[PDB]
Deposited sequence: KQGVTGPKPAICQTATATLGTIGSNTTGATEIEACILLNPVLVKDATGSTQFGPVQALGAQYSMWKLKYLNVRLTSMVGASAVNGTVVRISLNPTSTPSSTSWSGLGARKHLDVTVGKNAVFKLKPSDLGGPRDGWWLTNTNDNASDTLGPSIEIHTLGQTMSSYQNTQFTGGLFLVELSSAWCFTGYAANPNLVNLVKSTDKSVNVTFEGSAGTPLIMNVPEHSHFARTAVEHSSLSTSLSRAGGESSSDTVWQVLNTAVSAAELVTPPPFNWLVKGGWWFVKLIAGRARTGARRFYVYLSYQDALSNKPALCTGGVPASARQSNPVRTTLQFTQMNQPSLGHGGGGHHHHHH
């Protein structure tokens, strides 16, 4: 399949903040699916990309350059390493830093400038190179790759050796999306992408039962999910509560949440998928099933806890518009 059309785009995606744990922290997670990039200030060039993604059925990338620009000199700060990596299926990983080293990646030391260049062979989809555009399909064929940025090592003011607060790098992305095949339904889609600057989250679960995320009822995120979550639903499991067919990806860059086992790795990884639970509800907050992957969410297979349970800035993306 040769492309019908190829569209280049360039965007500024925000800053990589400094490290306070000393351990691995996630600082960005960038979906490349053409209907999932967000058109906002700094990214207006993604408007056409979304439009094409809604009108064609197959996409691929010609290339992908991610540029890191130092916002702070090496005379000033010390101690932190930044790792840019390619997540090929956009599926959360439990392997932390050493796993990131297995993927195609670039490390840059604080106070330095760099460009992570990717060849088409690194990005290709399973349909003779292509991915599918419609995010209601089987996920292994739709979502395609993601760029993740992680930091390792406490960021210290190089003079007083105290904790440094502030941005280390500016992220700029440049790529070109190719499209072919005609959307059976264009969908015109307008998927919500927003941020909830501060909100309090809790987790409940029990042995054999689904991990649940609670969000206060009048938070911006709880608000937006209830407005935009499809009224069509499904039933998990048994007895077993109904959940919207609309999925949301959640990414937490606020530095520390605890969960029922075995899912400490997931919340520390910083991003997962959720579906809104049907409730009254009550008691207090809105409630969300948590999912280990997009296909798990599409298939109504939530994360199942091994036991009971022993502050955040959320960035969220509507993955989904059910009807299909």
**Asked** Where does the model skip over parts of the deposited sequence?
**Response** 1-6, 262-264, 320-328, 343-354
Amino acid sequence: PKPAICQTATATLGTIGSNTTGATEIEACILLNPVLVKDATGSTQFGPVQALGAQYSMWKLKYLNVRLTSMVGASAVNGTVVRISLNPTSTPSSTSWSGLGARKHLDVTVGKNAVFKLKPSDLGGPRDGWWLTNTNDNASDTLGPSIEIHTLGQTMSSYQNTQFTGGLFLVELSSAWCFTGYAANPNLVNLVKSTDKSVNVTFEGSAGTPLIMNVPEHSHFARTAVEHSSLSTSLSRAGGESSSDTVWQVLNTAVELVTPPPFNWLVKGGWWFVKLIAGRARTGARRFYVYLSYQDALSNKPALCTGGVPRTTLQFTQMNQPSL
From here on, numbers count along this sequence of modelled residues.
**Fill in**
As the entry reports it, the stretch among 123-131 and 193-201 with higher mean C-alpha B factor is 193-201
**163-171 versus 246-254 - greater average Cα B-factor per the deposited record** = 246-254
**Request:** Select one of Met71, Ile147, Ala183, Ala114: the residue whose C-alpha shows the highest B-factor in the crystal structure entry.
**Result:** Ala183
**Complete:** Highest CA B factor of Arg67, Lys268, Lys275, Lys38, as deposited, is found at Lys38
**Item:** B-factor third for the C-alpha atom of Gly47 within its chain
**Value:** lowest
**Prompt:** Lowest, middle or highest third: where is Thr8 by Cα B-factor in its chain?
**Reply:** middle
**Prompt:** Among the modelled residues of its chain, does the C-alpha B-factor of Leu304 lie in the lowest, middle or highest third?
**Reply:** middle
**Item:** Relative C-alpha B-factor of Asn320, binned into the chain's lowest, middle or highest third
**Value:** middle
**Message:** Lowest, middle or highest third: which one holds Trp177 when the chain's residues are ordered by CA B-factor from the entry?
**Reply:** lowest
